[PDB]
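Residue numbers (the deposited numbering): 1 to 220. A short worksheet on the structure shown next.
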Ligand SMILES: *[C@@H](O)[C@H](Cc1ccccc1)NC(=O)[C@@H](NC(=O)OCc1ccccc1)C(C)C
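Below, the structure is given as structure tokens:
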């Protein structure tokens, strides 16, 4: 596979968004992965509605601001036959009744692919598919205050993930410890967080923070 991948340079990725004070990371991860696959198919990058998923994907198993799963989000778009754009169905950071309107749907998918729980398998998917939805253990003060460099948290769990994010690539950079590989991760905490809203997470370091444990993408 390539040593370095950055799907932002290919036009697959919208600007960093902000979920606010709502447990809806899973919806931002899902829209990001679907935004990439819709671009792959149509050549048009359109921001998609997280509020659509928060409000409407309950029947697939999601719980709005109280958590959810990207796979469930991908299931909703398939079962629902569409997903509205972000401009038509903007984000309110609160759970409301479903207001989906198919006339403003800009995205569809025919299911989703679960990536084996191997960092090598995740690398193959990022190199060939596009941005991938992943779950990580982000429940550490070090993650809140991250600014730059490769993020490594010794107390991160590979099995207790609590935060959905989007792998848009991977790469390397020389470091003190010679642990130079990283996943390029788009967060949904606004661009003031981290590096323009992005973080470089340690790659090939015992599945750090569980990044390969719950990876998937929509089929478009
Ligand atoms: C990210 O904003 C969100 C925060 C949160 C963590 C734990 C519990 C609630 C909310 N993280 C997730 O949604 C989390 N999902 C998760 O733990 O899946 C289990 C689940 C919880 C609630 C409803 C349905 C499933 C990420 C995506 C792993």
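Note that beta-carbon positions come from the ideal geometry of N, C-alpha and C, so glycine has one too.
Taken through DSSP and simplified to helix, strand or coil, residue 89 comes out as coil. In this structure, the alpha-carbon of residue 178 lies about 43 angstroms from that of residue 78. Relative to ligand 1, even the nearest heavy atom lies 8 angstroms or more away from the CB of residue 95. Residue environment analysis places residue 131 among the buried positions, since at least 16 neighbouring C-beta atoms fall within 10 angstroms of its C-beta.
At least one heavy atom of ligand 1 is found less than 8 angstroms from the C-beta of residue 24.
For residue 30, the uninterrupted alpha helix (DSSP H) segment begins and ends at 25-42. For residue 83 against residue 107, the beta-carbon gap comes to about 5 angstroms, under 8 angstroms, which counts as contact. With a threshold of 8 angstroms, the Cβ atom of residue 67 counts as near ligand 1, since some heavy atom of the ligand is closer than that. Residue environment for residue 128: exposed (fewer than 16 other C-beta atoms within 10 angstroms of its C-beta). Selection 30, 149, 114 and 95 evaluated against residue 47 yields 30 as nearest (Cα-Cα). Going by C-alpha positions, residue 52 is about 30 angstroms away from residue 146. In this structure, residue 16 places its C-beta atom within 9 angstroms of the C-beta atom of residue 191. Take residue 114, set aside five residues on each side of it, and the residues of its chain with a beta-carbon closer than 6 angstroms to its own are 216, in chain order. In its chain, beyond the 5 residues on either side, 52, 56, 80 and 84 have a beta carbon closer than 7 angstroms to the beta carbon of residue 100. By the criterion of a C-beta distance shorter than 6 angstroms, residue 35 is surrounded in its chain by 14 and 48, once the five residues flanking it on both sides are discounted. If the five residues before and after residue 21 are omitted, its C-beta is found closer than 6 angstroms to no C-beta atom of its own chain. DSSP places residue 105 within a strand segment (E or B) once states are collapsed to three.
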